[PDB]
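What follows is a short report on a single structure.
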Amino acid sequence: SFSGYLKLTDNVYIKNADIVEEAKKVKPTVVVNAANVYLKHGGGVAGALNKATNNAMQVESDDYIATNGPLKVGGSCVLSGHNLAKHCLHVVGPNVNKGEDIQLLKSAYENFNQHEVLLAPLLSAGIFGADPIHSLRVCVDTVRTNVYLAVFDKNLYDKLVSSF
Ligand SMILES: Cn1ncc2c(C(=O)N[C@@H](CC(=O)O)c3ccc(Br)cc3)ccnc21
């Protein structure tokens, strides 16, 4: 049910799209969230996904942290996808604006390999401060399962395709 994507490799696809609108249309098995270790979904992709769930994602996430403590940078957890997907895979890429090790970006993408197909954003891009061209290259070189990347910004999408 994914449509309109540009094929980059055997398993990686990309589209200029709002991941919330894409998730509402497709209702994928897995949507990836660009999470932080606390699962505090304030801004960026996480703020947008949480708002689309009417804050249900944040209420579930606060219970998960109260029980388990914070995630690791490069780690993940599977929670409900609420009205957006069957599941949400919350993945923590390194935040350059907080000074985190960019080498953890490959470990972050390795979480995607536990799922046959995913709808996802580029990790560590946007307000996380990493170069999105670098993030797409690590994604291509690490993920082996089928990943459908939604890039919100039209100008960034064009730059990512042209420089691939
Ligand atoms: C309504 N809302 N607010 C943010 C956001 C995001 C979001 O932060 N995406 C990131 C990642 C991406 O989409 O490639 C991003 C956005 C813009 C630039 Br420029 C660079 C990275 C995605 C969906 N809905 C969103």
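By order of appearance in the structure tokens: chains A, B, ..., then residues from 1 within every chain, and ligands from 1 in the order shown.
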Ligand 1: which residues are within 12 Å, counting only C-alpha atoms and all ligand atoms, as an mmCIF file with C-alpha atoms, in the first residue's frame?
data_model
loop_
_atom_site.group_PDB
_atom_site.id
_atom_site.type_symbol
_atom_site.label_atom_id
_atom_site.label_comp_id
_atom_site.auth_asym_id
_atom_site.auth_seq_id
_atom_site.Cartn_x
_atom_site.Cartn_y
_atom_site.Cartn_z
ATOM 1 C CA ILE A 14 11.986 7.622 -0.357
ATOM 2 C CA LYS A 15 9.149 10.166 -0.741
ATOM 3 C CA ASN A 16 8.572 13.882 0.039
ATOM 4 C CA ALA A 17 5.750 13.408 2.544
ATOM 5 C CA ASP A 18 4.485 14.235 6.019
ATOM 6 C CA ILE A 19 4.996 10.967 7.985
ATOM 7 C CA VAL A 20 1.778 11.576 9.991
ATOM 8 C CA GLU A 21 -0.307 11.896 6.804
ATOM 9 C CA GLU A 22 1.508 8.910 5.305
ATOM 10 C CA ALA A 23 0.842 6.792 8.410
ATOM 11 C CA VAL A 31 5.943 3.497 12.022
ATOM 12 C CA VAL A 32 9.330 4.688 13.351
ATOM 13 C CA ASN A 33 9.504 7.574 15.821
ATOM 14 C CA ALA A 34 12.623 9.780 16.099
ATOM 15 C CA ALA A 35 12.626 9.437 19.872
ATOM 16 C CA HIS A 41 7.719 13.675 22.402
ATOM 17 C CA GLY A 42 7.940 17.470 22.260
ATOM 18 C CA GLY A 43 8.942 18.528 18.768
ATOM 19 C CA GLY A 44 10.097 17.303 15.374
ATOM 20 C CA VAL A 45 8.718 13.984 14.179
ATOM 21 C CA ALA A 46 8.015 12.840 17.758
ATOM 22 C CA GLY A 47 5.931 15.930 18.611
ATOM 23 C CA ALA A 48 3.972 15.541 15.370
ATOM 24 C CA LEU A 49 3.254 11.794 15.827
ATOM 25 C CA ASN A 50 2.271 12.307 19.443
ATOM 26 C CA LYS A 51 -0.105 15.189 18.562
ATOM 27 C CA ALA A 52 -1.771 12.972 15.935
ATOM 28 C CA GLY A 93 19.460 8.370 17.092
ATOM 29 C CA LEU A 119 7.583 3.620 7.465
ATOM 30 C CA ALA A 120 10.358 5.899 8.888
ATOM 31 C CA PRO A 121 12.003 9.307 8.996
ATOM 32 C CA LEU A 122 15.784 9.825 8.536
ATOM 33 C CA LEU A 123 17.349 9.367 11.967
ATOM 34 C CA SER A 124 19.303 12.158 13.660
ATOM 35 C CA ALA A 125 18.208 14.667 10.962
ATOM 36 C CA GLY A 126 16.135 17.838 11.553
ATOM 37 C CA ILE A 127 16.302 19.115 15.102
ATOM 38 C CA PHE A 128 18.705 16.267 16.052
ATOM 39 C CA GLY A 129 21.414 18.192 14.163
ATOM 40 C CA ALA A 130 23.134 15.593 11.929
ATOM 41 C CA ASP A 131 23.683 15.909 8.192
ATOM 42 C CA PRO A 132 20.691 14.231 6.467
ATOM 43 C CA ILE A 133 22.879 13.189 3.484
ATOM 44 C CA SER A 135 21.959 9.772 7.641
ATOM 45 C CA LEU A 136 20.587 8.474 4.294
ATOM 46 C CA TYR A 148 9.956 3.611 3.239
ATOM 47 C CA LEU A 149 11.475 6.993 4.146
ATOM 48 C CA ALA A 150 9.223 10.047 4.445
ATOM 49 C CA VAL A 151 11.097 13.394 4.154
ATOM 50 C CA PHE A 152 8.930 16.338 5.207
ATOM 51 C CA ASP A 153 10.959 19.130 3.668
ATOM 52 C CA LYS A 154 10.603 19.415 -0.154
ATOM 53 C CA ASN A 155 13.913 21.202 -0.643
ATOM 54 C CA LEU A 156 15.743 18.599 1.469
ATOM 55 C CA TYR A 157 14.056 15.732 -0.461
ATOM 56 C CA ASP A 158 15.344 17.185 -3.761
ATOM 57 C CA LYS A 159 18.853 17.594 -2.360
ATOM 58 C CA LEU A 160 18.828 13.976 -0.976
#
Write out as a ChimeraX atom specification the set of residues from range 14-103 of chain A that DSSP, computed on the backbone, places in alpha helix (DSSP H). /A:19-26,44-52,56-68
Next, write the just-selected residues to a file, as a short mmCIF file (atom, residue, chain, number, x, y, z; two decimals), in the first residue's frame, keeping N, CA, C and O atoms as the atom set.
data_model
loop_
_atom_site.label_atom_id
_atom_site.label_comp_id
_atom_site.auth_asym_id
_atom_site.auth_seq_id
_atom_site.Cartn_x
_atom_site.Cartn_y
_atom_site.Cartn_z
N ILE A 19 5.12 12.33 7.48
CA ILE A 19 5.00 10.97 7.99
C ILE A 19 3.69 10.72 8.72
O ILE A 19 3.19 9.60 8.69
N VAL A 20 3.08 11.76 9.34
CA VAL A 20 1.78 11.58 9.99
C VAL A 20 0.71 11.30 8.94
O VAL A 20 -0.10 10.39 9.12
N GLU A 21 0.68 12.10 7.86
CA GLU A 21 -0.31 11.90 6.80
C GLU A 21 -0.08 10.56 6.09
O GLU A 21 -1.04 9.85 5.80
N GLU A 22 1.20 10.17 5.91
CA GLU A 22 1.51 8.91 5.31
C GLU A 22 1.04 7.75 6.17
O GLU A 22 0.39 6.83 5.68
N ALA A 23 1.27 7.84 7.50
CA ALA A 23 0.84 6.79 8.41
C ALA A 23 -0.69 6.70 8.43
O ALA A 23 -1.21 5.60 8.38
N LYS A 24 -1.40 7.85 8.43
CA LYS A 24 -2.87 7.78 8.41
C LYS A 24 -3.43 7.11 7.17
O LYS A 24 -4.44 6.42 7.25
N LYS A 25 -2.75 7.27 6.06
CA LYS A 25 -3.19 6.68 4.79
C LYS A 25 -2.88 5.18 4.69
O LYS A 25 -3.75 4.37 4.32
N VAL A 26 -1.65 4.80 5.00
CA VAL A 26 -1.20 3.44 4.83
C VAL A 26 -1.60 2.53 5.97
O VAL A 26 -1.82 1.34 5.76
N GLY A 44 9.66 18.13 16.49
CA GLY A 44 10.10 17.30 15.37
C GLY A 44 9.10 16.22 15.04
O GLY A 44 7.87 16.34 15.29
N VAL A 45 9.59 15.10 14.48
CA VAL A 45 8.72 13.98 14.18
C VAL A 45 7.97 13.49 15.45
O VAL A 45 6.78 13.15 15.31
N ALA A 46 8.67 13.38 16.57
CA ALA A 46 8.02 12.84 17.76
C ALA A 46 6.86 13.71 18.23
O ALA A 46 5.79 13.19 18.54
N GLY A 47 7.01 15.03 18.21
CA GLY A 47 5.93 15.93 18.61
C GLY A 47 4.75 15.81 17.66
O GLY A 47 3.58 15.85 18.10
N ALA A 48 5.02 15.67 16.35
CA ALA A 48 3.97 15.54 15.37
C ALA A 48 3.23 14.22 15.49
O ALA A 48 1.99 14.21 15.47
N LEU A 49 3.94 13.10 15.64
CA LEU A 49 3.25 11.79 15.83
C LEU A 49 2.44 11.80 17.10
O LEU A 49 1.27 11.37 17.06
N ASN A 50 3.03 12.32 18.19
CA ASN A 50 2.27 12.31 19.44
C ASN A 50 0.99 13.14 19.34
O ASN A 50 -0.08 12.72 19.81
N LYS A 51 1.08 14.36 18.73
CA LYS A 51 -0.11 15.19 18.56
C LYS A 51 -1.17 14.45 17.76
O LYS A 51 -2.36 14.55 18.12
N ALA A 52 -0.79 13.70 16.74
CA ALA A 52 -1.77 12.97 15.93
C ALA A 52 -2.49 11.87 16.72
O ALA A 52 -3.62 11.47 16.33
N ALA A 56 -2.01 10.22 23.35
CA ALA A 56 -2.04 8.83 23.85
C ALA A 56 -0.62 8.23 23.79
O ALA A 56 -0.21 7.46 24.69
N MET A 57 0.17 8.57 22.75
CA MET A 57 1.55 8.08 22.67
C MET A 57 2.37 8.53 23.89
O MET A 57 3.14 7.73 24.48
N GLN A 58 2.23 9.80 24.32
CA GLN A 58 2.98 10.29 25.48
C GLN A 58 2.52 9.60 26.77
O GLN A 58 3.38 9.24 27.59
N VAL A 59 1.20 9.36 26.93
CA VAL A 59 0.73 8.69 28.17
C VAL A 59 1.30 7.26 28.23
O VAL A 59 1.82 6.84 29.29
N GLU A 60 1.27 6.53 27.10
CA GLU A 60 1.84 5.20 27.08
C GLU A 60 3.34 5.23 27.34
O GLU A 60 3.89 4.36 28.03
N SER A 61 4.03 6.22 26.75
CA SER A 61 5.47 6.34 26.89
C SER A 61 5.88 6.64 28.33
O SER A 61 6.86 6.08 28.84
N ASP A 62 5.11 7.48 29.04
CA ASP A 62 5.44 7.80 30.43
C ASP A 62 5.31 6.56 31.31
O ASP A 62 6.15 6.36 32.20
N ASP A 63 4.28 5.71 31.05
CA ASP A 63 4.17 4.44 31.79
C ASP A 63 5.39 3.55 31.47
O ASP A 63 5.96 2.91 32.39
N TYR A 64 5.80 3.45 30.19
CA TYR A 64 6.95 2.62 29.84
C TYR A 64 8.22 3.10 30.57
O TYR A 64 8.98 2.25 31.12
N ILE A 65 8.48 4.41 30.62
CA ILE A 65 9.68 4.91 31.30
C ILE A 65 9.59 4.68 32.82
O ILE A 65 10.59 4.36 33.47
N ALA A 66 8.40 4.89 33.39
CA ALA A 66 8.24 4.65 34.84
C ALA A 66 8.59 3.19 35.20
O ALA A 66 9.06 2.93 36.30
N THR A 67 8.29 2.26 34.30
CA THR A 67 8.56 0.84 34.55
C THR A 67 9.98 0.46 34.23
O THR A 67 10.59 -0.33 34.99
N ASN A 68 10.52 0.92 33.12
CA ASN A 68 11.79 0.44 32.56
C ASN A 68 12.97 1.36 32.63
O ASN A 68 14.11 0.93 32.36
#
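Minimum atom-to-atom distances from A:3, A:86, A:71, A:103 to residue 40 in chain A were compared using only C-alpha atoms, and the lowest value belongs to A:71.
Here CA of residue 98 in chain A is placed at a distance of 26.4 Å from CA of residue 113 in chain A.
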Can you tell me how far CA of residue 54 in chain A sits from CA of residue 111 in chain A, in Å to one decimal? 26.3 Å
Kindly indicate which residue among A:104, A:6, A:39, A:161 lies nearest to residue 69 in chain A, using only C-alpha atoms for the distances. A:39
Just the residues within 8 Å of residue 143 in chain A, please, counting only C-alpha atoms, with nothing from its chain fewer than 3 positions along; format it as a list in words. residues 109, 110, 112, 113, 139, 140, 146 and 147 of chain A
Write out, as a PDB file, in the first residue's frame, the residues just selected, with N, CA, C and O atoms.
ATOM      1  N   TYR A 109      20.105   2.631  13.389  1.00  0.00           N
ATOM      2  CA  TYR A 109      19.452   2.033  12.219  1.00  0.00           C
ATOM      3  C   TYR A 109      19.361   0.497  12.291  1.00  0.00           C
ATOM      4  O   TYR A 109      18.445  -0.105  11.702  1.00  0.00           O
ATOM      5  N   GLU A 110      20.288  -0.153  13.040  1.00  0.00           N
ATOM      6  CA  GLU A 110      20.238  -1.626  13.138  1.00  0.00           C
ATOM      7  C   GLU A 110      18.910  -2.109  13.753  1.00  0.00           C
ATOM      8  O   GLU A 110      18.432  -3.219  13.458  1.00  0.00           O
ATOM      9  N   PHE A 112      16.063  -1.236  12.881  1.00  0.00           N
ATOM     10  CA  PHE A 112      15.089  -1.442  11.797  1.00  0.00           C
ATOM     11  C   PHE A 112      15.095  -2.886  11.266  1.00  0.00           C
ATOM     12  O   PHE A 112      14.088  -3.363  10.707  1.00  0.00           O
ATOM     13  N   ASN A 113      16.256  -3.581  11.397  1.00  0.00           N
ATOM     14  CA  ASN A 113      16.374  -4.924  10.848  1.00  0.00           C
ATOM     15  C   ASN A 113      15.550  -5.959  11.563  1.00  0.00           C
ATOM     16  O   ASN A 113      15.432  -7.072  11.069  1.00  0.00           O
ATOM     17  N   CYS A 139      21.690   4.780   6.531  1.00  0.00           N
ATOM     18  CA  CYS A 139      20.471   3.981   6.387  1.00  0.00           C
ATOM     19  C   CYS A 139      20.632   2.900   5.274  1.00  0.00           C
ATOM     20  O   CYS A 139      20.427   1.694   5.490  1.00  0.00           O
ATOM     21  N   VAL A 140      21.080   3.344   4.097  1.00  0.00           N
ATOM     22  CA  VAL A 140      21.286   2.470   2.951  1.00  0.00           C
ATOM     23  C   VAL A 140      22.276   1.359   3.259  1.00  0.00           C
ATOM     24  O   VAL A 140      22.073   0.199   2.858  1.00  0.00           O
ATOM     25  N   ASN A 146      12.760  -3.778   4.398  1.00  0.00           N
ATOM     26  CA  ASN A 146      12.173  -2.790   3.476  1.00  0.00           C
ATOM     27  C   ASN A 146      11.777  -1.511   4.211  1.00  0.00           C
ATOM     28  O   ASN A 146      10.896  -1.541   5.085  1.00  0.00           O
ATOM     29  N   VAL A 147      12.472  -0.418   3.910  1.00  0.00           N
ATOM     30  CA  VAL A 147      12.217   0.856   4.599  1.00  0.00           C
ATOM     31  C   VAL A 147      11.727   1.901   3.631  1.00  0.00           C
ATOM     32  O   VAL A 147      12.306   2.083   2.531  1.00  0.00           O
TER      33      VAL A 147
END
Suppose you want the space between CA of residue 82 in chain A and CA of residue 94 in chain A; what is it in Å? 25.5 Å
Would you please extract all strand (DSSP E or B) residues from range 36-119 of chain A, as assigned by DSSP on the backbone, and give them as a list in words? residues 76, 77, 78, 79, 80, 87, 88, 89, 90, 91, 117, 118 and 119 of chain A
